[PDB]
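Trainee: Okay, here's the structure, questions in a sec.
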Amino acid sequence: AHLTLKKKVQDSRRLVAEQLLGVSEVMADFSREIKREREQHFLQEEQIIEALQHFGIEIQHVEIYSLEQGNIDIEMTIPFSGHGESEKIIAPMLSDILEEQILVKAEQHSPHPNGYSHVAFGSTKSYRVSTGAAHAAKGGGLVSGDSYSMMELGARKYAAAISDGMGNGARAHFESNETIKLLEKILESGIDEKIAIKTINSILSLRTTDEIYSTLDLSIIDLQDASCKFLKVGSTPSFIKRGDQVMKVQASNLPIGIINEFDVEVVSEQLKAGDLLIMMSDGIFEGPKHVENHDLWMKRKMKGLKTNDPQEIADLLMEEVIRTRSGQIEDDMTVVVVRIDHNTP
Amino acid sequence: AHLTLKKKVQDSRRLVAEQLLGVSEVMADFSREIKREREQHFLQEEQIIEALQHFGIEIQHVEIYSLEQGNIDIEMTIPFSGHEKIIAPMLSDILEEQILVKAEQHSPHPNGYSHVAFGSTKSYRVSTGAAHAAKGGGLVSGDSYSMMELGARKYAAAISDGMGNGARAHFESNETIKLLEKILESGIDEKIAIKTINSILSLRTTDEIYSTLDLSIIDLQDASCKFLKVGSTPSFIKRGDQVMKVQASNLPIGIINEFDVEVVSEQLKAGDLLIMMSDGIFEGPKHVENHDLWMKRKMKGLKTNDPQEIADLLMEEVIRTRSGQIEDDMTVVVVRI
């Protein structure tokens with residue numbers, strides 16, 4: 001409730017600049033963070049070659065292909081020698097990485113007095129992951145307004161994202177499918193997840209509307225110690241099932257765009273082997289039209305599930321929401337399940 | 001190739017990272033370019049207040065609302081005085097454009113009440129017109145266009161195509177122009193504004209990934225034009241009876257080319273007609289070898305200067321080459337000076 005100020009084109013021009021300066025800040029903040037990751041691995045590489053010279057080990061042949069904390073892969077070649085010397089030179093190799101355990105793969109191919117022993121070292125992963133999902137559209141036809149994806153990023157972590165958006169058929173998929181495709185590439189870079197969401201949230205800021213773009217739900221399970229990073233930027237609830245318990249995780253923040261200041265909060269939970277992480281969109285959680293308490297209804301539905309296969313769990317919950325109606329589907333429905341259990345190699 | 005590249009996921013993610021550093025590079029360069037203009041507007045502002053002070057009227061309460069080379073608008077307060085001569089030097093220190101007067105003398109009394117406002121001057125009036133059509137002749141077309149004015153200095157016109165189908169391409173075309181409508185509005189170098197759009201739209205590292213673009217910028221200062229073409233989409237200029245075609249060798253939007261986009265400049269005068277079309281109109285007539293010579297004879301047959309009629313009478317004539325069929329999305333934009 002102010003004056004007129006009808007010469008407002010300049011006020012819009014300089015305001016759009018701050019939108020372009022704001023996103024340029026998170027891009028520069030992303031550039032210095034990835035450069036910091038380049039300097040750590042480079043410093044780790046220098047520290048590794050000095051440690052070899054000092055310890056009584058032979059530098060007959062060496063090749064370093066890549067050195068990420070998740071995907072550790074280096075190759076060496078040393079004289080044949082004898083006994084457990086191929087692995088007791090690895091004890092300092094674990095300590096030089098300071099964080100990761102290293103295993104040995106020794107390929108000795110020289111049935112002659114001359115020494116030709118080629119060896120490769122790789123990272124170790126714990127907790128094997130099993131996946132499965134169920135998909136459904138509002139009209140049950142062709143393409144749904146909800147999009148999901150779940151891919152593994154090397155050895156360390158398994159990712160799972162779900163995006164919603166608008167309710168229209170074509171108007172919501174092209175906007176929801178693009179979010180996951182943009183997230184599927186930014187998460188592949190190996191950047192901090194809390195920063196990766198601000199970077200996606202900044203790029204997708206368009207028109208300065210309310211609830212502009214695709215809401216999203218990201219869950220990343222670290223295989224190092226079976227920890228999870230619950231990132232909710234779509235305000236969609238998620239659940240964890242351990243035997244017969246059902247623990248609900250939720251977070252306060254608004255959809256993707258520039259709807260909130262001071263970005264997105266992270267939520268962490270600790271799980272063990274045999275646990276079941278199920279996620280759904282708003283079409284399943286608010287699916288049944290004749291239900292008041294959607295939290296108790298979703299908890300009791302899982303306690304009746306008597307299986308550990310993640311594929312069946314996604315379907316028995318999906319069709320149970322359909323059972324509450326006369327086969328009706330009043331909204332786009334999507335559910336993703338992930339199970340955790342050790343490798344036991 | 002080389003080895004069997006077992007753990008390519010490491011080599012494939014370092015490449016995706018470098019793609020994301022490239023767009024982060026032009027974004028930091030975009031920030032330094034607008035900061036350069038913000039330091040230019042600030043350095044000129046300090047240059048203004050000392051020149052305004054040295055005068056028998058004193059600065060009093062001068063108000064500078066905004067000072068970009070396109071929209072110059074400032075207000076001052078001066079004594080009643082009598083017989084605008086303070087604006088001829090005010091135009092010289094800014095070193096560009098021209099300034100007009102707008103001084104209204106309120107209170108016809110020997111008081112010192114007198115408000116004044118100064119604004120930029122624009123030359124060469126623009127006239128617009130376009131024609132729209134869908135692939136199946138339906139409601140949803142794969143081509144999207146827009147033509148808005150950015151203050152006083154320039155009139156813009158963009159056309160994007162993309163895929164052939166109506167649904168898969170309507171989102172990619174509508175998104176390109178909406179993203180272009182915000183990057184051009186910020187006020188930045190046109191050559192750098194294109195590398196900003198193309199870097200953001202780099203996704204999946206495919207061939208001919210996203211929407212091809214056709215940008216035409218008409219400067220109202222001296223009637224110069226900046227032809228920016230991403231996708232080798234031809235355009236034409238009509239002056240009386242001449243038909244000049246502009247083209248560029250660069251490839252569609254994405255990261256399909258290195259060393260960014262070449263800029264093309266042209267000089268036009270009054271009465272000229274800038275027409276633009278997508279690949280659905282230029283390749284409209286299917287039983288034609290030379291699409292350029294065919295399009296040239298069609299414009300010499302156009303006998304009107306109304307930009308709206310030119311867009312329809314050219315589009316409807318492309319339909320006549322077929323049996324009323326529309327084999328692809330069609331879009332044409334006409335601009336007169």
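Each chain in the structure tokens gets a letter, A, B, ..., in the order shown, and its residues are numbered from 1; ligands are numbered from 1 in order too.
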For chain A, list the residues within 9 Å of chain B, counting only C-alpha atoms, and write the list as a PyMOL selection string.
Mentor: chain A and resi 9-18+20-21+23-28+30-31+34+66+68+71+73+153-154+170-171+174-175+181-182+185-186+188-190+203+206-207
Trainee: For the residues in the current selection, export N, CA and C atoms as a tab-separated table (two decimals), in the first residue's frame.
Mentor:
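File again.tsv, as written:
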```tsv
chain	number	residue	atom	x	y	z
A	9	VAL	N	9.71	-0.98	-14.71
A	9	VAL	CA	10.51	-1.88	-15.54
A	9	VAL	C	11.94	-1.96	-15.01
A	10	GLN	N	12.49	-0.82	-14.57
A	10	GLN	CA	13.82	-0.82	-13.99
A	10	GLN	C	13.85	-1.58	-12.66
A	11	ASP	N	12.79	-1.46	-11.86
A	11	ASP	CA	12.73	-2.22	-10.62
A	11	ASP	C	12.65	-3.72	-10.87
A	12	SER	N	12.05	-4.13	-11.98
A	12	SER	CA	12.02	-5.54	-12.33
A	12	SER	C	13.35	-5.99	-12.93
A	13	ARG	N	13.98	-5.14	-13.74
A	13	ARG	CA	15.25	-5.49	-14.37
A	13	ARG	C	16.33	-5.75	-13.32
A	14	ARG	N	16.49	-4.83	-12.38
A	14	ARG	CA	17.50	-4.99	-11.34
A	14	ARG	C	17.12	-6.07	-10.33
A	15	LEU	N	15.84	-6.41	-10.22
A	15	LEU	CA	15.42	-7.49	-9.33
A	15	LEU	C	15.72	-8.85	-9.94
A	16	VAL	N	15.53	-8.99	-11.26
A	16	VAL	CA	15.89	-10.23	-11.94
A	16	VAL	C	17.40	-10.46	-11.86
A	17	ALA	N	18.18	-9.38	-11.82
A	17	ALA	CA	19.63	-9.52	-11.68
A	17	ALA	C	19.99	-10.20	-10.36
A	18	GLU	N	19.37	-9.77	-9.26
A	18	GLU	CA	19.62	-10.42	-7.98
A	18	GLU	C	19.24	-11.89	-8.01
A	20	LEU	N	19.59	-13.64	-10.75
A	20	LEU	CA	20.71	-14.20	-11.49
A	20	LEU	C	22.02	-14.08	-10.73
A	21	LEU	N	22.14	-13.09	-9.83
A	21	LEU	CA	23.29	-13.03	-8.95
A	21	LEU	C	23.19	-14.04	-7.82
A	23	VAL	N	21.73	-17.10	-7.94
A	23	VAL	CA	22.08	-18.42	-8.46
A	23	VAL	C	23.56	-18.47	-8.82
A	24	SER	N	24.14	-17.36	-9.27
A	24	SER	CA	25.57	-17.31	-9.56
A	24	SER	C	26.42	-17.49	-8.31
A	25	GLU	N	25.86	-17.19	-7.13
A	25	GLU	CA	26.60	-17.40	-5.89
A	25	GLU	C	26.67	-18.87	-5.52
A	26	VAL	N	25.56	-19.60	-5.65
A	26	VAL	CA	25.58	-21.03	-5.32
A	26	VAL	C	26.37	-21.80	-6.36
A	27	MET	N	26.46	-21.28	-7.59
A	27	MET	CA	27.30	-21.92	-8.60
A	27	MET	C	28.78	-21.71	-8.30
A	28	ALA	N	29.15	-20.50	-7.88
A	28	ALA	CA	30.52	-20.26	-7.43
A	28	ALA	C	30.81	-21.01	-6.14
A	30	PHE	N	29.45	-23.87	-5.47
A	30	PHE	CA	29.62	-25.24	-5.94
A	30	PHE	C	30.99	-25.43	-6.58
A	31	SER	N	31.51	-24.40	-7.25
A	31	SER	CA	32.80	-24.53	-7.93
A	31	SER	C	33.94	-24.62	-6.93
A	34	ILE	N	33.84	-28.26	-5.23
A	34	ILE	CA	34.40	-29.34	-6.04
A	34	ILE	C	35.90	-29.16	-6.22
A	66	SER	N	42.11	-43.71	-10.35
A	66	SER	CA	41.22	-42.75	-9.72
A	66	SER	C	41.20	-42.99	-8.21
A	68	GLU	N	38.74	-41.62	-5.33
A	68	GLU	CA	37.62	-41.04	-4.61
A	68	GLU	C	37.39	-41.84	-3.33
A	71	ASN	N	35.06	-44.72	-4.41
A	71	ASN	CA	35.64	-45.62	-5.40
A	71	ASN	C	37.16	-45.45	-5.35
A	73	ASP	N	40.61	-47.00	-6.36
A	73	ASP	CA	41.12	-47.96	-7.33
A	73	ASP	C	42.52	-47.54	-7.75
A	153	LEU	N	25.79	-44.90	-6.85
A	153	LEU	CA	26.91	-44.02	-7.18
A	153	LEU	C	28.20	-44.68	-6.67
A	154	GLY	N	28.66	-45.67	-7.43
A	154	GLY	CA	29.89	-46.38	-7.11
A	154	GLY	C	29.75	-47.40	-6.00
A	170	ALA	N	0.10	-33.94	-18.81
A	170	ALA	CA	1.33	-33.58	-19.49
A	170	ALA	C	2.03	-32.39	-18.84
A	171	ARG	N	1.28	-31.51	-18.19
A	171	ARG	CA	1.86	-30.29	-17.64
A	171	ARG	C	2.78	-30.57	-16.46
A	174	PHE	N	6.68	-33.36	-17.64
A	174	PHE	CA	7.81	-32.67	-18.24
A	174	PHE	C	8.53	-31.76	-17.26
A	175	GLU	N	7.84	-31.29	-16.22
A	175	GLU	CA	8.47	-30.50	-15.18
A	175	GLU	C	9.02	-31.37	-14.05
A	181	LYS	N	16.18	-35.71	-13.68
A	181	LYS	CA	17.30	-35.73	-14.61
A	181	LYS	C	18.38	-34.74	-14.21
A	182	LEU	N	17.98	-33.56	-13.71
A	182	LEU	CA	18.96	-32.61	-13.22
A	182	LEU	C	19.58	-33.09	-11.91
A	185	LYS	N	22.23	-35.98	-12.37
A	185	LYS	CA	23.56	-35.58	-12.84
A	185	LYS	C	24.35	-34.81	-11.79
A	186	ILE	N	23.69	-33.98	-10.99
A	186	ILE	CA	24.40	-33.22	-9.96
A	186	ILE	C	24.83	-34.13	-8.82
A	188	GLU	N	25.61	-37.22	-9.25
A	188	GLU	CA	26.66	-38.07	-9.78
A	188	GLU	C	28.04	-37.44	-9.60
A	189	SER	N	28.10	-36.11	-9.50
A	189	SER	CA	29.38	-35.42	-9.38
A	189	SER	C	30.10	-35.77	-8.09
A	190	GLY	N	29.37	-36.14	-7.05
A	190	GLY	CA	29.98	-36.44	-5.77
A	190	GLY	C	30.17	-35.21	-4.91
A	203	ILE	N	18.69	-23.36	-9.46
A	203	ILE	CA	18.52	-23.43	-10.91
A	203	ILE	C	17.04	-23.43	-11.28
A	206	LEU	N	12.06	-20.05	-10.98
A	206	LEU	CA	11.53	-19.42	-12.18
A	206	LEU	C	10.19	-18.77	-11.87
A	207	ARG	N	10.04	-17.51	-12.27
A	207	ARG	CA	8.82	-16.71	-12.27
A	207	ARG	C	8.44	-16.18	-10.88
```
Trainee: Extract, using only C-alpha atoms, all DNA, RNA and protein residues at most 6 Å from region 273-289 of chain A, discarding same-chain residues fewer than 3 positions from it, and format them as a ChimeraX atom specification.
Mentor: /A:238-242,321,324,331-341
Trainee: Let's have the selection written as a PDB file, in the first residue's frame, with C-alpha atoms.
Mentor:
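Writing done, so here's again27.pdb:
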```pdb
ATOM      1  CA  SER A 238       8.490 -41.131   4.464  1.00  0.00           C
ATOM      2  CA  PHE A 239       8.643 -44.202   6.694  1.00  0.00           C
ATOM      3  CA  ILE A 240      11.082 -46.816   7.987  1.00  0.00           C
ATOM      4  CA  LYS A 241      10.016 -50.349   8.939  1.00  0.00           C
ATOM      5  CA  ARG A 242      12.136 -52.509  11.266  1.00  0.00           C
ATOM      6  CA  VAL A 321      -4.642 -47.815  -1.443  1.00  0.00           C
ATOM      7  CA  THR A 324      -9.951 -48.471  -0.435  1.00  0.00           C
ATOM      8  CA  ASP A 331      -4.072 -38.897  -7.936  1.00  0.00           C
ATOM      9  CA  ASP A 332      -0.689 -39.939  -9.286  1.00  0.00           C
ATOM     10  CA  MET A 333       0.736 -42.700  -7.092  1.00  0.00           C
ATOM     11  CA  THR A 334       4.359 -43.798  -6.664  1.00  0.00           C
ATOM     12  CA  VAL A 335       6.145 -45.849  -3.991  1.00  0.00           C
ATOM     13  CA  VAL A 336       9.798 -46.918  -3.663  1.00  0.00           C
ATOM     14  CA  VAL A 337      11.241 -49.517  -1.265  1.00  0.00           C
ATOM     15  CA  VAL A 338      14.879 -50.199  -0.318  1.00  0.00           C
ATOM     16  CA  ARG A 339      16.157 -52.964   1.980  1.00  0.00           C
ATOM     17  CA  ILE A 340      19.476 -53.143   3.845  1.00  0.00           C
ATOM     18  CA  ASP A 341      21.444 -56.308   4.614  1.00  0.00           C
TER      19      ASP A 341
END
```
Trainee: May I have the residues within 12 Å of residue 342 (chain A) as number ranges by chain, using only C-alpha atoms and disregarding those fewer than 2 positions away in the same chain?
Mentor: A: 125-130, 223-226, 271-275, 339-340, 344-345
Trainee: Could you list, as number ranges by chain, every residue within 10 Å of residue 97 (chain A), counting only C-alpha atoms and ignoring same-chain residues fewer than 3 positions away?
Mentor: A: 41, 44-45, 47-48, 67, 69, 72, 92-94, 100-102
Trainee: Could those residues be written to a file, using N, CA and C atoms, as a short mmCIF file (atom, residue, chain, number, x, y, z; two decimals), in the first residue's frame?
Mentor:
```cif
data_model
loop_
_atom_site.label_atom_id
_atom_site.label_comp_id
_atom_site.auth_asym_id
_atom_site.auth_seq_id
_atom_site.Cartn_x
_atom_site.Cartn_y
_atom_site.Cartn_z
N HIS A 41 42.07 -34.91 -2.72
CA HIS A 41 42.54 -36.12 -3.38
C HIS A 41 43.93 -35.93 -3.97
N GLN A 44 46.10 -36.20 -1.01
CA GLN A 44 46.17 -37.61 -0.64
C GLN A 44 47.10 -38.38 -1.58
N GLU A 45 47.09 -38.02 -2.87
CA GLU A 45 47.96 -38.71 -3.82
C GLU A 45 49.43 -38.46 -3.53
N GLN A 47 50.75 -37.67 -0.60
CA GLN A 47 51.07 -38.35 0.65
C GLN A 47 51.24 -39.85 0.46
N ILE A 48 50.63 -40.43 -0.58
CA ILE A 48 50.71 -41.87 -0.79
C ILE A 48 52.06 -42.27 -1.36
N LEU A 67 40.95 -41.91 -7.46
CA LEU A 67 41.05 -41.93 -5.99
C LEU A 67 39.94 -41.06 -5.41
N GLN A 69 36.84 -41.17 -2.31
CA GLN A 69 36.61 -41.86 -1.04
C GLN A 69 35.65 -43.03 -1.20
N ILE A 72 37.82 -46.28 -4.55
CA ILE A 72 39.27 -46.29 -4.46
C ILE A 72 39.79 -47.39 -5.38
N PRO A 92 49.45 -49.87 5.98
CA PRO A 92 49.66 -48.42 5.87
C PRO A 92 48.81 -47.78 4.79
N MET A 93 48.48 -48.53 3.73
CA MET A 93 47.62 -47.98 2.68
C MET A 93 46.23 -47.66 3.20
N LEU A 94 45.74 -48.43 4.18
CA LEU A 94 44.48 -48.09 4.83
C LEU A 94 44.64 -46.84 5.68
N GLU A 100 39.12 -45.00 4.91
CA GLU A 100 38.54 -46.13 4.19
C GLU A 100 39.38 -47.39 4.37
N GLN A 101 38.71 -48.53 4.37
CA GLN A 101 39.38 -49.82 4.36
C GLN A 101 39.69 -50.25 2.93
N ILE A 102 40.84 -50.88 2.74
CA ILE A 102 41.30 -51.31 1.42
C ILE A 102 41.51 -52.82 1.43
#
```
Trainee: Closest to residue 133 (chain B) among B:267, B:323, B:235, B:278, using only C-alpha atoms?
Mentor: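 Of the candidates, the smallest distance to residue 133 (chain B) is held by B:278.
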Trainee: For a quick check of understanding, using only C-alpha atoms, which of B:52, B:90, B:116, B:197 has the smallest distance to residue 102 (chain B)?
Mentor: B:116
Trainee: I need the residues in region 2-100 of chain A that are helix (DSSP H, G or I) according to DSSP; give them as a PyMOL selection string.
Mentor: chain A and resi 9-54+85-88+91-97
Trainee: What would the file look like if the residues just selected were written as a tab-separated table (two decimals), in the first residue's frame with C-alpha atoms?
Mentor:
```
chain	number	residue	atom	x	y	z
A	9	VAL	CA	10.51	-1.88	-15.54
A	10	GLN	CA	13.82	-0.82	-13.99
A	11	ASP	CA	12.73	-2.22	-10.62
A	12	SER	CA	12.02	-5.54	-12.33
A	13	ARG	CA	15.25	-5.49	-14.37
A	14	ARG	CA	17.50	-4.99	-11.34
A	15	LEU	CA	15.42	-7.49	-9.33
A	16	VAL	CA	15.89	-10.23	-11.94
A	17	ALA	CA	19.63	-9.52	-11.68
A	18	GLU	CA	19.62	-10.42	-7.98
A	19	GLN	CA	17.89	-13.65	-8.99
A	20	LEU	CA	20.71	-14.20	-11.49
A	21	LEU	CA	23.29	-13.03	-8.95
A	22	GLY	CA	21.81	-15.31	-6.29
A	23	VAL	CA	22.08	-18.42	-8.46
A	24	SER	CA	25.57	-17.31	-9.56
A	25	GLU	CA	26.60	-17.40	-5.89
A	26	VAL	CA	25.58	-21.03	-5.32
A	27	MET	CA	27.30	-21.92	-8.60
A	28	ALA	CA	30.52	-20.26	-7.43
A	29	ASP	CA	30.01	-21.95	-4.06
A	30	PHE	CA	29.62	-25.24	-5.94
A	31	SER	CA	32.80	-24.53	-7.93
A	32	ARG	CA	34.94	-23.92	-4.84
A	33	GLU	CA	33.54	-27.03	-3.14
A	34	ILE	CA	34.40	-29.34	-6.04
A	35	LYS	CA	37.80	-27.67	-6.36
A	36	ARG	CA	38.33	-28.35	-2.65
A	37	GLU	CA	37.61	-32.01	-3.38
A	38	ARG	CA	40.19	-31.88	-6.18
A	39	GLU	CA	42.81	-30.54	-3.76
A	40	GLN	CA	42.16	-33.13	-1.05
A	41	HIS	CA	42.54	-36.12	-3.38
A	42	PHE	CA	45.60	-34.46	-4.92
A	43	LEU	CA	47.09	-34.00	-1.44
A	44	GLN	CA	46.17	-37.61	-0.64
A	45	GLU	CA	47.96	-38.71	-3.82
A	46	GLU	CA	51.17	-36.90	-2.88
A	47	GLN	CA	51.07	-38.35	0.65
A	48	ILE	CA	50.71	-41.87	-0.79
A	49	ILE	CA	53.86	-41.87	-2.93
A	50	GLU	CA	56.04	-40.57	-0.08
A	51	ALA	CA	54.74	-43.32	2.22
A	52	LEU	CA	55.81	-45.95	-0.33
A	53	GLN	CA	59.39	-44.66	-0.62
A	54	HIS	CA	59.81	-44.61	3.17
A	85	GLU	CA	53.73	-59.27	2.01
A	86	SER	CA	51.14	-58.36	-0.63
A	87	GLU	CA	48.66	-57.55	2.16
A	88	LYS	CA	50.84	-56.29	5.03
A	91	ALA	CA	47.93	-51.80	6.43
A	92	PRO	CA	49.66	-48.42	5.87
A	93	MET	CA	47.62	-47.98	2.68
A	94	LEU	CA	44.48	-48.09	4.83
A	95	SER	CA	45.98	-45.58	7.27
A	96	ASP	CA	47.15	-43.22	4.52
A	97	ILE	CA	43.55	-43.02	3.28
```
Trainee: Which residues are near residue 97 (chain B)? Cut-off 12 Å, only C-alpha atoms, ignore same chain within fewer than 3 positions. Put them as a list in words.
Mentor: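 Result of the neighbour search: residues 68, 69, 70, 71, 72, 88, 90, 91, 92, 93, 94, 100, 119, 120, 121, 122, 123, 152, 153, 220, 221 and 222 of chain B.
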Trainee: I'd like the interatomic distance between CA of residue 76 (chain B) and CA of residue 36 (chain B), to a tenth of an Å.
Mentor: 26.9 Å
Trainee: For a quick check of understanding, using only C-alpha atoms, which of A:177, A:202, A:215, A:114 has the smallest distance to residue 254 (chain A)?
Mentor: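 Of the candidates, the smallest distance to residue 254 (chain A) is held by A:215.
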Trainee: Applying 10 Å and only C-alpha atoms, which residues near residue 244 (chain A) remain after dropping the ones on its own chain fewer than 3 positions away? List them as a list in words.
Mentor: residues 241, 247, 299, 300, 302, 303, 304, 305 and 306 of chain A
Trainee: Identify which of the residues A:74, A:123, A:81, A:135 lies closest to residue 315 (chain A), counting only C-alpha atoms when measuring atom-to-atom distances.
Mentor: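 Closest candidate: A:135.
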Trainee: Can you list every residue in region 109-189 of chain B that DSSP puts in strand (DSSP E or B), as a ChimeraX atom specification?
Mentor: /B:115-120,127,130-133,144-146,149-150,154-160
Trainee: Env of residue 249 (chain B): 9 Å cut, atoms = only C-alpha atoms, seq-sep filter 6 positions within chain, self excluded. Answer as a PyMOL selection string.
Mentor: chain B and resi 229-232+262
Trainee: Record the distance separating CA of residue 261 (chain B) and CA of residue 227 (chain B), expressed in Å with one decimal.
Mentor: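 Taking CA of residue 261 (chain B) as the start and CA of residue 227 (chain B) as the end point, the length is 10.9 Å.
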Trainee: Could you tell me how far CA of residue 236 (chain A) lies from CA of residue 216 (chain A), in Å and to one decimal?
Mentor: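 CA of residue 216 (chain A) lies 7.6 Å from CA of residue 236 (chain A).
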